[PDB]
Student: 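Please find one structure pasted underneath; my questions will follow.
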Protein chains: 2
Amino acid sequence: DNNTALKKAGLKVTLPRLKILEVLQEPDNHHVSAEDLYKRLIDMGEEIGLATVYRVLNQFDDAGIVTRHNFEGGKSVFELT
Amino acid sequence: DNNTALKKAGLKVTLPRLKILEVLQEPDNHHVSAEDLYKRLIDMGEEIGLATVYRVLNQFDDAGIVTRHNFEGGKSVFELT
Ligand SMILES: [Cl-]
Ligand SMILES: [Cl-]
Ligand SMILES: [Cl-]
Ligand SMILES: [Cl-]
Ligand SMILES: [Cl-]
Ligand SMILES: [Cl-]
Ligand SMILES: [Cl-]
Ligand SMILES: [Cl-]
Ligand SMILES: [Cl-]
Ligand SMILES: [Cl-]
Ligand SMILES: [Cl-]
Ligand SMILES: [Cl-]
C-alpha cells in the first residue's frame with residue numbers, strides 16, 4: 001500500500017509520488033538513476049518531467065524512503081530503504 | 001568559522017569538507033552544481049574526486065548546511081542555507 005507508505009513518511013499522496021514508488025518497486029529498477037527512472041516513466045505512458053523526478057527522489061531521501069548512492073564518475077542511483 | 005559549522009552540524013572536520021565549504025562561500029559559486037564545484041576545485045589545484053564532491057554535498061544537505069535546487073532539464077544546484 002503506497003498510499004499508506006507516503007502518509008507514514010509524512011508526504012501528501014500525489015500521482016508522481018505513487019508512480020515513482022511503483023518504479024522503485026520493479027525488480028529491474030531496484031537501483032535506479034533519476035534519468036533511468038524518468039525514462040521508465042516515459043515508457044509507461046506517464047507525463048512526469050525530469051525535474052519532478054529529481055524533486056520527488058530528493059524528498060524521498062529526506063523522508064527516509066530511499067537511499068542515495070554516489071559512484072565513480074558522478075553517477076548516482078536510488079533504492080528504497 | 002567553518003570548523004564550528006561542521007562540528008555543530010555533527011560532521012568530522014576534513015580537508016575536502018573545508019575546501020567544499022570555501023568554494024560555496026565564493027561570490028561566483030553562490031549556487032553551484034557538483035560538477036561545477038569540482039571544476040573550481042580542480043582550478044584551485046585540489047585533488048578532490050568528483051564522487052567525493054557529490055558525497056560531501058549530499059551529506060551537507062542532510063546536515064542542513066546546504067539547500068538543493070532542481071531545475072528544468074535535471075540540473076541540480078546547491079547553495080549554503
Ligand atoms: Cl532482476
Ligand atoms: Cl528484465
Ligand atoms: Cl538482472
Ligand atoms: Cl526491489
Ligand atoms: Cl541490493
Ligand atoms: Cl554512497
Ligand atoms: Cl570520481
Ligand atoms: Cl541494499
Ligand atoms: Cl568573477
Ligand atoms: Cl563575476
Ligand atoms: Cl554567497
Ligand atoms: Cl572520488
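Proteins get letters first, then strands, A, B, ... in listed order; numbering begins at 1 in each.
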Student: Cluster question for you: counting only ILVMFWY and a side-chain heavy-atom cut-off of under 4.5 Å, with indirect links fine, are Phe78(B) and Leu57(A) together?
Tutor: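 Unlinked, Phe78(B) and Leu57(A) end up in two clusters.
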
Student: Under a 4.5 Å cutoff for heavy-atom pairs, which residue among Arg68(A), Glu72(A), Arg55(A) has the most contacts with chain B?
Tutor: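 That would be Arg68(A).
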
Student: Would a 4.5 Å heavy-atom cut-off, applied to side chains only, mark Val53(A) and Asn70(B) as touching?
Tutor: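 Contact flag for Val53(A)/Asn70(B) side chains = no.
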
Student: Calculate, to the nearest 0.5 Å, the distance between atoms NZ and CG belonging to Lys75(A) and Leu50(B) respectively.
Tutor: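 Between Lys75(A) NZ and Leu50(B) CG, I get 10.5 Å after rounding to 0.5 Å.
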
Student: Are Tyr38(B) and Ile65(B) connected in the hydrophobic side-chain network, where two residues link if heavy atoms are under 4.5 Å apart?
Tutor: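 Yes, because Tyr38(B) and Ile65(B) connect within a single hydrophobic cluster, where side-chain heavy atoms sit under 4.5 Å apart.
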
Student: Do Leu41(B) and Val77(B) belong to the same hydrophobic cluster, where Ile, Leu, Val, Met, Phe, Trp and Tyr are linked whenever their side-chain heavy atoms lie under 4.5 Å apart, directly or via other members?
Tutor: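 Cluster IDs for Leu41(B) and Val77(B) differ.
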
Student: Tell me, for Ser76(B) versus chain A, whether the close heavy atoms (under 4.5 Å) come from the side chain, the backbone, both or neither.
Tutor: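 Interface part for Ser76(B): side chain.
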
Student: I'd like to check the side chain to side chain contact (heavy atoms under 4.5 Å, CB included) partners of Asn3(B); sequence neighbours left out, ordered by chain and number.
Tutor: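 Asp1(B), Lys7(B), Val13(B), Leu18(B).
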
Student: Answer with yes or no whether the hydrophobic clustering places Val32(B) together with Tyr54(B); edges join I, L, V, M, F, W, Y residues whose side-chain heavy atoms lie under 4.5 Å apart.
Tutor: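 Yes; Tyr54(B) is reachable from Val32(B) via cluster members.
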
Student: Checking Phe71(A) against chain B: side chain, backbone, both or neither under 4.5 Å from a heavy atom?
Tutor: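 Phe71(A) touches chain B through backbone heavy atoms alone.
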
